[PDB]
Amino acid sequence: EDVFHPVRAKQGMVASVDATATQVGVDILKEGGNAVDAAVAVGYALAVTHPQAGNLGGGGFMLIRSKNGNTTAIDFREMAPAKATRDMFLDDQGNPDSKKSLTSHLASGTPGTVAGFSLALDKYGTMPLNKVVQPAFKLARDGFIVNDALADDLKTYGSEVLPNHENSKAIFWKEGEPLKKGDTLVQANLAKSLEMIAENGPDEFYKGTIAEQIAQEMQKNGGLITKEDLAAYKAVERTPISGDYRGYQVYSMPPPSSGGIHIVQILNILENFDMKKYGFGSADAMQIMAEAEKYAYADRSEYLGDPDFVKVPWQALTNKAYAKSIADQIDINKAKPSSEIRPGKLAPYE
């Protein structure tokens, strides 16, 4: 009956954007590691095999749910440098310069990935950091074959930035061109970084040699990340944002992410419609969801931000009565122009 079939397993499972990283995660599970152990191992592996997004120099979020139901969120989102300012990306005329926020050294926030993985591993994992970093270390030291995905990304997106920086070009470029499928990508410097993290712990990144290398890269090129920034960074465990949709409970990321709030807000809106009845790919279902989405994104533009800096009205935004007030505005036969949609009035729902 099915055209599409899921992969099946009876014990453990890992799904990731990269075969090598997935296999790393599966091996950890097979060795006895838990989901958190495997998750951290995959995260470090991707930092090597998927330089496009896997990283040590970026940040992110982790949602953890124990076999006992305990659900929590790990915020390891980057922190803007202490020297960052409200108008730092504006040009002399007062207009934002995307070059500054996307390709200059001013575009970087203090990395949180290493901090987040250790916070999670230490409290919810069972293996030592060195054990979960080892697979990544070998991949960086011994290298791996460039596949279609990486070759394509290096040629398409990579060409726009990698060759413009000596150290980046020395690693990802070869014979004046991006590495091609079949080539071997060895990352000796990253291997050293990984080895030092495995031996000295996360402090190596935030206070050790890595931190020095980051601070210098910045200082020499007009960047802002300092050693003080790195030493002050911290990952934060936060309560997940959640909701109930037709008896199913949905858990996702809370601020500094807007994801959890809006996914729950939209589901709340949709709950007022018989979605199953309309069915997938129907104009009615698509109409209802598109309209619901408009209100959420309008709200996102006004109420969402770092909760440690601004009070996010998450209760009102995920309030079913508020969702009902939006659902009653949706005309299944006529779309409402965005020009007629503004952030909602939350007062009656707070």
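One-based numbering along the sequence shown. Here, rigid core means the biggest group of C-alpha atoms that superpose within 1.5 Å across both forms.
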| field | Of 113 to 121 and 94 to 102, which departs more from this form in 8 other deposited structures of this protein by CA RMS after core fitting | value | 94 to 102
| query | After a core fit, does 143 to 151 or 85 to 93 show the bigger CA gap to the shown form in 8 other deposited structures of this protein? | reply | 85 to 93
| Average Cα temperature factor in the PDB entry - higher stretch of 239 to 247, 221 to 229 | 221 to 229
| said: Please compare 192 to 200 with 262 to 270 and name the stretch with the higher mean C-alpha B-factor in the deposited structure. | reply: 192 to 200
| field | Out of 68, 318, 301, 52, residue topping the C-alpha B-factor column of the entry | value | 68
| task | Among 45, 63, 39, 310, single out the one with the highest C-alpha B factor in the record, please. | result | 310
| field | Within-chain third of residue 326 by Cα B-factor, per the entry | value | middle
| said: By the recorded C-alpha temperature factor, relative to the other modelled residues in its chain, which third is residue 110 in? | reply: lowest
| task | Please place residue 25 in the lowest, middle or highest third of its chain by C-alpha B factor as given in the entry. | result | lowest
| message | Ranking the modelled residues of this chain by C-alpha B-factor as given in the entry, is residue 77 in the lowest, middle or highest third? | response | lowest
| query | Is the Cα B-factor recorded for residue 187 in the lowest, middle or highest third of its chain? | reply | middle
